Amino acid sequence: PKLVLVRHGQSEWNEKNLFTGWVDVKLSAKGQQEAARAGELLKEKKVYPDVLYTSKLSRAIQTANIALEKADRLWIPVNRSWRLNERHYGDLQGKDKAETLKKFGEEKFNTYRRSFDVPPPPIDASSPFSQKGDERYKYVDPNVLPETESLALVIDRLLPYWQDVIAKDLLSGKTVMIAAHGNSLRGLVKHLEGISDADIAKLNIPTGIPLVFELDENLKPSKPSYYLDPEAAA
């Protein structure tokens, strides 16, 4: 089976130095350009997705729409899941990253951004930056919807979707493309490669560069993953 991963490029908040999380922020002009190069790489390198999976976040969805238009595969079926969403940043959603660093100090700030299992402080259900009660999640068990998450947590809610839904297509011989986020993709990659809880902190997935996985029948890498622009990935 063949899996293609695409991390969207910068959102409008990444420029503004604000933690995004689940806030549905739009892709920036530069994010749109990386989306377009990701697609051109898909075409150029002959990687043809038969099906697409995205998160419920616009920035990833628009990256898919743009990338697929350049790859001339806009007609493929598409499925969306909150389980592919970016790590929910809790109370840090909508907050300046430089001020958050001044408020908590470097150790706590690295812990919130990159510890494997310690999540950011939870967000208040009535905050301007809270996704509670948002229409796009109205058919999901209210109780599971997060108020903050660590990568460990992201992996816990993502794996079931990977297990039942994405796996069916892979095991049916379909080349799957997933357009998601930094933390949901680092999470999936941690799972596919058996990366340790300690080591995962250092993993960075380059935005707008398709990561390809050739998997065996047990959905395990049959060889090292590869970026479509190896030189731009390193």
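Don't overthink the numbering: it's just position in the shown sequence, from 1.
When the C-alpha B-factors of 176-184 and 189-197 are averaged, 189-197 comes out higher. For the segment pair 25-33 and 167-175, the entry gives 25-33 the higher mean B-factor, averaged over Cα atoms. You'll see in the entry that, of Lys56, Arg59, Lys202, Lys70, the Cα B factor peaks at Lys202. You'll see in the entry that, of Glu147, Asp96, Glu106, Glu86, the Cα B factor peaks at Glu147.
Among the modelled residues of its chain, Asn14 has a C-alpha B-factor that falls in the highest third, as given in the PDB entry.
Placement of the Cα temperature factor of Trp82 within the chain: middle third of the modelled residues, per the deposited record.
Annotation for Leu153: C-alpha temperature factor in the lowest third relative to the rest of the modelled chain, per the entry. Among all modelled residues in this chain, the alpha-carbon of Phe116 has a temperature factor (C-alpha) in the middle third. When the modelled residues of the chain are ordered by their C-alpha B factor, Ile123 lands in the highest third.
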